[PDB]
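Engineer: Dumping the structure here so I can ask a few things about it.
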Amino acid sequence: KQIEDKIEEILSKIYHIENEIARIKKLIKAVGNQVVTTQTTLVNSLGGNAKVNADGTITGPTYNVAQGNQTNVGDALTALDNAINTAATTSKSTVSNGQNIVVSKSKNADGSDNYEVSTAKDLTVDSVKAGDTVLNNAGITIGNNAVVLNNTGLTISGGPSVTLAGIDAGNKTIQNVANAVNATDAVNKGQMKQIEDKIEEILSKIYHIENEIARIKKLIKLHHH
Amino acid sequence: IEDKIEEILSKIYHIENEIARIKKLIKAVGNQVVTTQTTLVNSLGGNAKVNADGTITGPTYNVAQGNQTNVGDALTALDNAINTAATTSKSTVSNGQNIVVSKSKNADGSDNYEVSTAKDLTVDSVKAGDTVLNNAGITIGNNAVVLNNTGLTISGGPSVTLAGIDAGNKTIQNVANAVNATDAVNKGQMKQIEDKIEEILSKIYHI
Amino acid sequence: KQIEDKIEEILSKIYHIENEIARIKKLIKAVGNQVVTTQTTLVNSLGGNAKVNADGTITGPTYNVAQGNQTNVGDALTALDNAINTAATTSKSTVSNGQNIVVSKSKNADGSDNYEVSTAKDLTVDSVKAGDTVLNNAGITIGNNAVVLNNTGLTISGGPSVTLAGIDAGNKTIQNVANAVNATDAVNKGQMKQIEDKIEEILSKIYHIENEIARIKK
């Protein structure tokens with residue numbers, strides 16, 4: 001009969017449709033799972049506190065670079081790029097020369113800069129102190145005014161001086177003076193002693209003359225009698 | 001015969017319900033896909049976009065004077081840029097003539113260079129006001145007082161040099177009495193002799 | 001007849017159902033394609049060796065910046081930020097003044113720092129050598145000890161000296177000495193001439209008298 005075969009056909013087709021449905025359910029389940037896993041990987045790979053919410057929505061990352069906040073990776077990368085350019089600019093310290101100094105700039109091997117600092121060859125200062133010796137506008141001073149060289153000349157504390165006002169021998173002798181030749185040259189003791197000899201000779205001549213005079217007087221007295 | 005028909009009808013009813021449920025599930029999964037793609041593109045930035053046709057235009061980044069098509073390449077480029085900038089920005093200081101430089105570490109980790117002079121200076125000249133120190137010696141003022149390799153010279157005044165002593169047409173004061181033959185004599189020592197000659201003249205006059 | 005009609009009705013329903021199955025399969029396929037576009041784009045955009053596996057899953061990115069290891073973009077960006085801060089701080093060299101030096105900090109036009117180095121106005125040193133002339137604790141020395149100024153005074157090698165011990169004329173004459181005024185002033189040769197003349201005169205006198213006495217004797 002056509003009826004029984006038609007029922008059989010119908011049941012067969014239903015069986016096949018049910019199997020197809022089972023298959024489709026499996027597919028959809030799998031794809032859903034895959035999608036969920038993709039969302040999770042996205043969130044975990046981005047970081048920035050990204051997370052999948054219960055309502056199916058996804059909160060994106062918020063990054064915190066270069067003293068700001070960015071809602072995506074591109075803005076953050078740009079922020080960092082700028083941060084680097086600025087940091088490279090302001091961190092590059094320089095050196096220059098002032099009074100008495102010479103600064104020579106050159107490249108180090110790695111491309112950074114070196115500044116070699118030297119003094120000038122001629123120094124202009126207020127003073128230079130080296131131990132007990134002081135150099136300033138007034139001149140040279142050694143010790144506690146022990147020896148002074150200034151614009152009037154040389155002065156030694158407790159000793160002689162050679163200044164504009166002339167020569168002070170400091171109540172000590174002046175030694176090793178060669179014999180005076182010119183009228184305005186200093187005479188030494190020997191040159192004076194030379195005259196002293198003549199004085200002695202004169203006094204002897206006078207002595208013997210006096211004795212000869214007394215002899216004469218005595219002879220005159222005897223001649224008178 | 002009829003019960004079987006009722007059973008088939010119920011079977012078909014249930015199948016129709018299953019189809020409807022399935023369509024809803026597909027729809028939901030599609031929504032999840034859209035959420036994923038849009039979140040992806042929005043989070044990547046760099047002009048990435050999901051296009052109408054379902055295709056996706058990736059991000060393009062522009063860091064370190066280059067263009068990058070992915071996050072990793074950008075991060076790497078930035079890393080290298082940082083390293084290079086760090087290297088070339090770190091300035092150094094060294095010493096030349098008459099200078100000493102001492103390098104130390106600051107608190108924050110940077111370098112400090114302390115610059116001092118050497119303790120012994122080698123120069124061409126040192127000027128302090130009217131006083132000049134140079135190869136020739138010491139010069140004060142416009143050659144008012146000069147100390148050189150010959151000795152001491154005072155302009156319009158006396159001088160003590162290798163050639164000898166020049167009193168500069170002025171008296172030499174505070175000279176102690178000569179003792180040795182080569183010592184200088186003072187006025188008093190002459191006055192004694194003058195007194196002697198005076199006595200001699202009185203002796204002659206009395207004679 | 002009602003049975004046969006319910007039968008045909010059922011067959012019609014089944015036909016339409018089969019059609020719905022087919023359509024649903026195509027739709028799921030489309031969704032699959034879109035999922036591929038998604039995972040592929042994710043992996044390609046992250047880099048860091050990210051990869052879509054043939055077996056459906058995804059292997060995430062690994063990053064190696066700032067001498068570290070990062071498994072997400074956030075950590076990488078933070079690492080780079082820290083790297084920038086650190087490098088900015090440590091590359092900023094500073095200069096300070098030591099003995100006899102003055103250092104002045106000011107801003108360059110681009111915001112970096114400049115350090116101007118000068119000497120102090122008053123220097124403390126052990127010595128200054130300027131050619132043949134040396135300044136040190138001992139004093140001033142010129143040449144190979146040719147001329148020396150120390151705490152005892154001035155001494156010229158092979159020449160005169162003005163020192164604590166007094167004035168040494170150096171076996172040379174002292175020239176241009178004005179006539180002595182006070183008792184302790186130096187006398188010049190000229191100041192003796194008069195005296196010398198006197199001596200001579202005296203001699204003359206003596207001589208004459210001597211001879212005249214002889215004339216008296218005879």
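Quick note on naming: the chains in the structure tokens go A, B, ... in the order shown, residues restart at 1 in each chain, and ligands are numbered from 1 in order of appearance.
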Residue A:151: which residues within 8 Å, counting only C-alpha atoms, same-chain residues fewer than 4 positions away excluded, as a PDB file with N, CA, C and O atoms, in the first residue's frame?
Structural biologist:
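The result, written out as around.pdb:
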ATOM      1  N   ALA A 138      98.295  94.574  45.011  1.00  0.00           N
ATOM      2  CA  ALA A 138      99.319  95.307  45.750  1.00  0.00           C
ATOM      3  C   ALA A 138     100.732  94.851  45.389  1.00  0.00           C
ATOM      4  O   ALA A 138     101.693  95.617  45.520  1.00  0.00           O
ATOM      5  N   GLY A 139     100.854  93.605  44.943  1.00  0.00           N
ATOM      6  CA  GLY A 139     102.137  93.044  44.559  1.00  0.00           C
ATOM      7  C   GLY A 139     102.357  91.637  45.087  1.00  0.00           C
ATOM      8  O   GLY A 139     101.490  90.765  44.961  1.00  0.00           O
TER       9      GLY A 139
ATOM     10  N   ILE B 140     105.000  95.320  38.467  1.00  0.00           N
ATOM     11  CA  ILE B 140     103.929  96.041  39.144  1.00  0.00           C
ATOM     12  C   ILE B 140     103.692  97.411  38.518  1.00  0.00           C
ATOM     13  O   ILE B 140     104.611  98.226  38.410  1.00  0.00           O
ATOM     14  N   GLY B 141     102.452  97.657  38.104  1.00  0.00           N
ATOM     15  CA  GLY B 141     102.088  98.911  37.467  1.00  0.00           C
ATOM     16  C   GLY B 141     102.669  99.020  36.070  1.00  0.00           C
ATOM     17  O   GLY B 141     103.058  98.017  35.472  1.00  0.00           O
ATOM     18  N   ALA B 144     106.531 100.417  37.055  1.00  0.00           N
ATOM     19  CA  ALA B 144     106.919 101.198  38.224  1.00  0.00           C
ATOM     20  C   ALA B 144     107.961 100.427  39.022  1.00  0.00           C
ATOM     21  O   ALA B 144     109.032 100.945  39.333  1.00  0.00           O
ATOM     22  N   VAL B 145     107.631  99.182  39.344  1.00  0.00           N
ATOM     23  CA  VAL B 145     108.538  98.273  40.027  1.00  0.00           C
ATOM     24  C   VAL B 145     108.641  96.982  39.214  1.00  0.00           C
ATOM     25  O   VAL B 145     107.626  96.401  38.825  1.00  0.00           O
TER      26      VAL B 145
END
Engineer: Can you list, as a ChimeraX atom specification, every protein, DNA or RNA residue that comes within 7 Å of residue B:176 when you count only C-alpha atoms, leaving out same-chain residues fewer than 4 positions away?
Structural biologist: /A:171-173 /C:184
Engineer: When DSSP works through the backbone of this structure, what residues of stretch 68-184 of chain B end up as alpha helix (DSSP H), shown as a PyMOL selection string?
Structural biologist: chain B and resi 71-89
Engineer: How would the residues just chosen look if you wrote them out with N, CA and C atoms as a PDB file, in the first residue's frame?
Structural biologist:
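Listing of again.pdb after writing:
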ATOM      1  N   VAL B  71      51.823  45.379  16.602  1.00  0.00           N
ATOM      2  CA  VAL B  71      52.241  45.912  17.901  1.00  0.00           C
ATOM      3  C   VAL B  71      53.699  45.588  18.250  1.00  0.00           C
ATOM      4  N   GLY B  72      54.106  44.345  18.002  1.00  0.00           N
ATOM      5  CA  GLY B  72      55.452  43.902  18.333  1.00  0.00           C
ATOM      6  C   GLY B  72      56.560  44.715  17.687  1.00  0.00           C
ATOM      7  N   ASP B  73      56.420  44.973  16.388  1.00  0.00           N
ATOM      8  CA  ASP B  73      57.400  45.774  15.658  1.00  0.00           C
ATOM      9  C   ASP B  73      57.506  47.193  16.244  1.00  0.00           C
ATOM     10  N   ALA B  74      56.360  47.766  16.613  1.00  0.00           N
ATOM     11  CA  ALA B  74      56.330  49.091  17.235  1.00  0.00           C
ATOM     12  C   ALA B  74      57.049  49.114  18.582  1.00  0.00           C
ATOM     13  N   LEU B  75      56.743  48.132  19.428  1.00  0.00           N
ATOM     14  CA  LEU B  75      57.384  48.030  20.736  1.00  0.00           C
ATOM     15  C   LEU B  75      58.894  47.906  20.583  1.00  0.00           C
ATOM     16  N   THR B  76      59.324  47.072  19.639  1.00  0.00           N
ATOM     17  CA  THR B  76      60.754  46.889  19.393  1.00  0.00           C
ATOM     18  C   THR B  76      61.442  48.180  18.923  1.00  0.00           C
ATOM     19  N   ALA B  77      60.806  48.866  17.977  1.00  0.00           N
ATOM     20  CA  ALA B  77      61.317  50.134  17.466  1.00  0.00           C
ATOM     21  C   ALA B  77      61.488  51.149  18.598  1.00  0.00           C
ATOM     22  N   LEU B  78      60.479  51.243  19.460  1.00  0.00           N
ATOM     23  CA  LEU B  78      60.550  52.139  20.610  1.00  0.00           C
ATOM     24  C   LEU B  78      61.678  51.749  21.556  1.00  0.00           C
ATOM     25  N   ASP B  79      61.821  50.451  21.803  1.00  0.00           N
ATOM     26  CA  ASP B  79      62.889  49.949  22.668  1.00  0.00           C
ATOM     27  C   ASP B  79      64.270  50.406  22.170  1.00  0.00           C
ATOM     28  N   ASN B  80      64.527  50.169  20.886  1.00  0.00           N
ATOM     29  CA  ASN B  80      65.780  50.599  20.274  1.00  0.00           C
ATOM     30  C   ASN B  80      65.979  52.117  20.315  1.00  0.00           C
ATOM     31  N   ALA B  81      64.900  52.863  20.080  1.00  0.00           N
ATOM     32  CA  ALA B  81      64.963  54.324  20.142  1.00  0.00           C
ATOM     33  C   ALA B  81      65.371  54.808  21.533  1.00  0.00           C
ATOM     34  N   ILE B  82      64.789  54.188  22.559  1.00  0.00           N
ATOM     35  CA  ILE B  82      65.131  54.504  23.942  1.00  0.00           C
ATOM     36  C   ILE B  82      66.608  54.239  24.194  1.00  0.00           C
ATOM     37  N   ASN B  83      67.075  53.053  23.808  1.00  0.00           N
ATOM     38  CA  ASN B  83      68.490  52.723  24.005  1.00  0.00           C
ATOM     39  C   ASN B  83      69.454  53.709  23.334  1.00  0.00           C
ATOM     40  N   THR B  84      69.158  54.069  22.087  1.00  0.00           N
ATOM     41  CA  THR B  84      70.009  55.012  21.364  1.00  0.00           C
ATOM     42  C   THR B  84      70.010  56.398  22.020  1.00  0.00           C
ATOM     43  N   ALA B  85      68.817  56.893  22.337  1.00  0.00           N
ATOM     44  CA  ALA B  85      68.675  58.192  22.993  1.00  0.00           C
ATOM     45  C   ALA B  85      69.428  58.239  24.320  1.00  0.00           C
ATOM     46  N   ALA B  86      69.290  57.169  25.099  1.00  0.00           N
ATOM     47  CA  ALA B  86      69.995  57.041  26.375  1.00  0.00           C
ATOM     48  C   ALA B  86      71.504  57.126  26.180  1.00  0.00           C
ATOM     49  N   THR B  87      71.998  56.453  25.145  1.00  0.00           N
ATOM     50  CA  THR B  87      73.431  56.470  24.867  1.00  0.00           C
ATOM     51  C   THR B  87      73.940  57.858  24.484  1.00  0.00           C
ATOM     52  N   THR B  88      73.329  58.467  23.473  1.00  0.00           N
ATOM     53  CA  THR B  88      73.867  59.722  22.953  1.00  0.00           C
ATOM     54  C   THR B  88      73.587  60.934  23.841  1.00  0.00           C
ATOM     55  N   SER B  89      72.604  60.826  24.730  1.00  0.00           N
ATOM     56  CA  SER B  89      72.275  61.953  25.601  1.00  0.00           C
ATOM     57  C   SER B  89      73.185  62.090  26.820  1.00  0.00           C
TER      58      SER B  89
END
Engineer: Which of these, B:142, B:159, B:202, B:192, has the shortest distance to residue A:153 once you count only C-alpha atoms?
Structural biologist: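 Using only C-alpha atoms, residue A:153 sits closest to B:159.
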Engineer: Show me, as a PyMOL selection string, the residues that have an atom within 8 Å of residue C:189 when counting only C-alpha atoms, minus same-chain residues fewer than 2 positions from it.
Structural biologist: (chain A and resi 180-187) or (chain C and resi 187+191-193)
Engineer: What's around residue B:182 at 9 Å? Count only C-alpha atoms, leave out sequence neighbours fewer than 3 positions away in its own chain, and write the answer as a ChimeraX atom specification.
Structural biologist: /A:174-179,187-191 /B:178-179 /C:171
Engineer: So, with only C-alpha atoms as the atoms that count, which of C:68, C:98, C:60, C:190 lies closest to residue C:120?
Structural biologist: C:98
Engineer: Please identify all residues of chain C having at least one atom at most 6 Å from any atom of chain B, considering only C-alpha atoms, and return them as an mmCIF file with C-alpha atoms, in the first residue's frame.
Structural biologist:
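And here is the file that came out, result.cif:
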data_model
loop_
_atom_site.group_PDB
_atom_site.id
_atom_site.type_symbol
_atom_site.label_atom_id
_atom_site.label_comp_id
_atom_site.auth_asym_id
_atom_site.auth_seq_id
_atom_site.Cartn_x
_atom_site.Cartn_y
_atom_site.Cartn_z
ATOM 1 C CA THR C 38 38.795 37.838 13.399
ATOM 2 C CA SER C 45 48.020 42.786 14.508
ATOM 3 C CA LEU C 46 49.606 41.742 17.799
ATOM 4 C CA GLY C 47 52.782 40.255 16.358
ATOM 5 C CA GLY C 48 55.091 38.886 19.038
ATOM 6 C CA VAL C 65 61.451 44.981 25.418
ATOM 7 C CA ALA C 87 67.070 56.758 30.795
ATOM 8 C CA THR C 90 70.447 58.681 34.319
ATOM 9 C CA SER C 91 71.597 60.360 31.095
ATOM 10 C CA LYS C 92 71.315 63.825 32.668
ATOM 11 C CA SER C 93 74.943 64.514 33.549
ATOM 12 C CA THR C 94 75.652 67.308 36.026
ATOM 13 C CA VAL C 95 78.742 69.415 36.734
ATOM 14 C CA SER C 96 79.934 70.804 40.065
ATOM 15 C CA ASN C 97 82.717 73.109 41.203
ATOM 16 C CA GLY C 98 85.770 71.986 43.146
ATOM 17 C CA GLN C 99 88.929 73.806 44.225
ATOM 18 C CA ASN C 100 89.346 77.224 42.560
ATOM 19 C CA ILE C 101 86.372 76.660 40.249
ATOM 20 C CA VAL C 125 97.471 76.580 44.798
ATOM 21 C CA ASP C 126 100.812 74.989 45.646
ATOM 22 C CA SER C 127 102.567 76.640 42.708
ATOM 23 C CA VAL C 128 102.305 78.675 39.531
ATOM 24 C CA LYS C 129 104.939 78.303 36.839
ATOM 25 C CA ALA C 130 105.032 80.970 34.147
ATOM 26 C CA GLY C 131 107.998 80.257 31.897
ATOM 27 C CA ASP C 132 111.223 80.923 33.786
ATOM 28 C CA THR C 133 109.343 82.325 36.791
ATOM 29 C CA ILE C 142 113.387 83.516 38.384
ATOM 30 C CA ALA C 146 119.176 83.648 39.009
ATOM 31 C CA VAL C 147 117.029 85.932 41.155
ATOM 32 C CA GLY C 159 125.306 89.781 42.391
ATOM 33 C CA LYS C 172 130.421 96.145 42.956
ATOM 34 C CA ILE C 174 127.201 101.569 44.884
ATOM 35 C CA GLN C 175 126.409 104.405 42.507
ATOM 36 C CA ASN C 176 124.444 107.670 42.551
ATOM 37 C CA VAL C 177 124.565 108.269 46.303
ATOM 38 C CA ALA C 178 123.402 111.734 47.376
ATOM 39 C CA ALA C 180 124.916 112.094 53.563
ATOM 40 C CA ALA C 183 125.098 110.640 61.012
ATOM 41 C CA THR C 184 123.983 107.198 59.828
ATOM 42 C CA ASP C 185 123.706 108.058 56.128
ATOM 43 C CA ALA C 186 126.213 106.716 53.591
ATOM 44 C CA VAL C 187 128.911 109.138 52.448
#
Engineer: Interatomic distance between atom CA of residue A:89 and atom CA of residue A:68?
Structural biologist: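 So the answer is 20.0 Å.
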Engineer: Quick check for you: according to DSSP on this backbone, which residues of stretch 57-201 of chain C are classed as strand (DSSP E or B)? Reply as a ChimeraX atom specification.
Structural biologist: /C:58-59,63,70,94-97,101-107,113-119,122-124,127-130,133-136,139-142,147-150,153-156,161-163,166-172,174-177,186,188
Engineer: If we count only C-alpha atoms and set the cut-off at 12 Å, which residues sit around residue A:22, ignoring sequence neighbours fewer than 5 positions away in its own chain? Please answer as a PyMOL selection string.
Structural biologist: (chain A and resi 15-17+27-29) or (chain B and resi 15+18-19+22) or (chain C and resi 21)
Engineer: Export, as a PDB file, in the first residue's frame, the selected residues with N, CA and C atoms.
Structural biologist:
ATOM      1  N   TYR A  15      13.979  11.097  10.893  1.00  0.00           N
ATOM      2  CA  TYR A  15      15.202  10.580  11.507  1.00  0.00           C
ATOM      3  C   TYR A  15      16.426  11.344  10.998  1.00  0.00           C
ATOM      4  N   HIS A  16      16.518  11.476   9.677  1.00  0.00           N
ATOM      5  CA  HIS A  16      17.628  12.206   9.070  1.00  0.00           C
ATOM      6  C   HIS A  16      17.674  13.669   9.513  1.00  0.00           C
ATOM      7  N   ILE A  17      16.510  14.312   9.572  1.00  0.00           N
ATOM      8  CA  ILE A  17      16.434  15.705  10.000  1.00  0.00           C
ATOM      9  C   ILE A  17      16.903  15.875  11.445  1.00  0.00           C
ATOM     10  N   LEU A  27      27.930  21.962  16.005  1.00  0.00           N
ATOM     11  CA  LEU A  27      28.661  23.013  15.303  1.00  0.00           C
ATOM     12  C   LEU A  27      28.553  24.349  16.026  1.00  0.00           C
ATOM     13  N   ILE A  28      27.320  24.785  16.266  1.00  0.00           N
ATOM     14  CA  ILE A  28      27.061  26.063  16.923  1.00  0.00           C
ATOM     15  C   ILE A  28      27.727  26.149  18.289  1.00  0.00           C
ATOM     16  N   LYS A  29      27.588  25.090  19.082  1.00  0.00           N
ATOM     17  CA  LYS A  29      28.268  25.019  20.374  1.00  0.00           C
ATOM     18  C   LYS A  29      29.778  25.232  20.226  1.00  0.00           C
TER      19      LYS A  29
ATOM     20  N   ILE B  15      10.678  19.707  16.190  1.00  0.00           N
ATOM     21  CA  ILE B  15      11.731  20.047  15.234  1.00  0.00           C
ATOM     22  C   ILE B  15      11.685  21.527  14.848  1.00  0.00           C
ATOM     23  N   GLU B  18      13.125  23.503  17.576  1.00  0.00           N
ATOM     24  CA  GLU B  18      14.580  23.368  17.526  1.00  0.00           C
ATOM     25  C   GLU B  18      15.208  24.290  16.485  1.00  0.00           C
ATOM     26  N   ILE B  19      14.620  24.327  15.295  1.00  0.00           N
ATOM     27  CA  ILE B  19      15.072  25.231  14.240  1.00  0.00           C
ATOM     28  C   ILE B  19      15.063  26.684  14.711  1.00  0.00           C
ATOM     29  N   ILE B  22      17.807  27.318  17.236  1.00  0.00           N
ATOM     30  CA  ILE B  22      19.066  27.320  16.502  1.00  0.00           C
ATOM     31  C   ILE B  22      19.333  28.654  15.809  1.00  0.00           C
TER      32      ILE B  22
ATOM     33  N   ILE C  21      17.162  23.814   6.948  1.00  0.00           N
ATOM     34  CA  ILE C  21      18.425  23.178   7.310  1.00  0.00           C
ATOM     35  C   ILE C  21      19.548  23.682   6.419  1.00  0.00           C
TER      36      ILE C  21
END
Engineer: Using only C-alpha atoms, I'd like a table of the residues in chain A that come within 6 Å of chain C; for each, show the closest atom pair and its distance in Å rounded to one decimal, ordered by chain and ascending number, as CSV.
Structural biologist:
residue,atom,partner,partner_atom,distance
A:45,CA,C:72,CA,4.5
A:46,CA,C:73,CA,5.1
A:47,CA,C:74,CA,4.8
A:48,CA,C:74,CA,5.0
A:65,CA,C:81,CA,5.7
A:87,CA,C:88,CA,5.2
A:90,CA,C:112,CA,4.0
A:91,CA,C:92,CA,4.5
A:92,CA,C:112,CA,6.0
A:93,CA,C:113,CA,5.0
A:94,CA,C:114,CA,4.6
A:95,CA,C:115,CA,4.6
A:96,CA,C:116,CA,4.6
A:97,CA,C:117,CA,5.1
A:98,CA,C:118,CA,4.4
A:99,CA,C:118,CA,4.9
A:101,CA,C:118,CA,5.5
A:125,CA,C:121,CA,5.0
A:126,CA,C:121,CA,5.2
A:127,CA,C:122,CA,4.6
A:128,CA,C:123,CA,4.7
A:129,CA,C:124,CA,4.8
A:130,CA,C:126,CA,5.1
A:131,CA,C:137,CA,4.4
A:132,CA,C:137,CA,5.2
A:133,CA,C:137,CA,5.4
A:142,CA,C:151,CA,5.8
A:147,CA,C:151,CA,5.8
A:159,CA,C:164,CA,5.0
A:172,CA,C:166,CA,5.7
A:174,CA,C:167,CA,4.9
A:175,CA,C:168,CA,4.9
A:176,CA,C:171,CA,4.9
A:177,CA,C:169,CA,5.2
A:178,CA,C:173,CA,4.6
A:183,CA,C:190,CA,4.3
A:184,CA,C:176,CA,5.1
A:185,CA,C:175,CA,4.6
A:186,CA,C:188,CA,4.4
A:187,CA,C:189,CA,5.6
Engineer: For atom CA of residue B:21 and atom CA of residue A:32, quote the distance in Å rounded to one decimal.
Structural biologist: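 Computing the Euclidean distance for atom CA of residue B:21 and atom CA of residue A:32 yields 14.5 Å.
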